[PDB]
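Student: Quick one: experimental structure and sequence below.
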Amino acid sequence: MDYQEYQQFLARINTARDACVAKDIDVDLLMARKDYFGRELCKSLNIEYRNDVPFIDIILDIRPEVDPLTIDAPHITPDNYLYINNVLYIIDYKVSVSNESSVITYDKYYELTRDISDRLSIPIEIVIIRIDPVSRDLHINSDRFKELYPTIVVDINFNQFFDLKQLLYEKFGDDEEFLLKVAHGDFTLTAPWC
């Protein structure tokens with residue numbers, strides 16, 4: 001965390017009169033909780049910090065001798081990557097308390113990446129790192145990634161984030177439109193006109 005980000009978030013919550021701004025604060029807080037997790041985990045993973053790096057850039061980095069025009073561009077935007085022993089991990093970061101999104105993202109990545117994996121004839125994998133905000137547990141599905149990194153410890157906390165989220169939710173607790181917005185994703189749709 002940081003003092004300046006705390007100050008600007010507090011000011012944004014106080015400024016909020018509508019529900020669109022409240023939903024924007026909610027989603028930007030949640031992405032901040034994701035960026036902080038990714039930053040700290042990378043700090044502790046001995047790896048470079050990436051953030052939604054394009055897949056074509058990953059292919060260019062691992063093997064720059066290939067033509068970057070014959071390569072198809074998949075819709076995937078991998079969060080981080082890692083190449084070792086002609087083995088490629090598509091690193092992701094999730095702060096979800098359930099595997100409900102984790103498995104969805106893993107299956108989407110598999111579907112979108114197996115074709116390119118087989119056209120280059122090189123072993124690539126997908127790694128999902130799920131952390132519970134309430135308890136800092138690390139969940140990894142990739143067996144080989146677990147073998148690669150069996151000893152990782154994290155020293156983070158989610159007290160500032162929890163407090164700010166609750167302060168926003170108690171400021172807008174009585175609002176119906178805000179609750180209807182936060183019940184779903186970032187594409188906000190107001191109550192029906194009929």
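Tutor: Received it, and whenever you're ready, just let me know what you need. Residues are numbered from 1 along each chain as shown.
Student: which residues in this protein form strands?
Tutor: Taking DSSP state E, the strands of the chain run over residues 80-84, 87-94, 124-131, 138-140.
Student: List the contacts of the second one.
Tutor: Contacts of strand 87-94 with the rest of the structure, by Cβ atoms under 8 Å, 6 or more residues apart in numbering, involve 34, 37-38, 41, 47, 50, 58, 62, 76, 78-83, 101-102, 105-106, 109, 113, 122-131, 142, 144-145. Just so you know, the C-beta spots here come from the backbone N, C-alpha and C atoms, and that holds for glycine as well.
Student: Distance check, residue 88 against residue 155.
Tutor: From residue 88 over to residue 155 the distance is 28 Å, taken as Cβ to Cβ, to the nearest Å.
Student: Of the two, which one has the most company?
Tutor: residue 88 (24 against 8; other Cβ atoms under 10 Å).
Student: residue contacts, residue 71?
Tutor: For residue 71, the contact set (Cβ under 8 Å, 6+ apart) comprises 56, 59, 116.
Student: Report the beta-bridge partners for the residue nearest the centre of the chain.
Tutor: The centre of the chain sits closest to residue 93, judged by Cα atoms, centre = their mean, with a distance of 4.4 Å. With beta bridges defined as DSSP bridges, residue 93 has these partners: residue 129.
Student: on that earlier part again, just so I know, which of the strands of the chain lies nearest residue 4?
Tutor: Nearest to residue 4 among those is strand 87-94 (22.9 Å), distances taken as Cβ to Cβ.
Student: residues in contact with residue 20?
Tutor: Contacts here follow Cβ under 8 Å, 6+ apart; on that basis residue 20 touches 181, 188.
Student: ugh, wrong one, residue 137
Tutor: Applying Cβ under 8 Å, 6+ apart, the residues near residue 137 are residue 131.
Student: likewise residue 140?
Tutor: 127, 128, 129, 130, 146.
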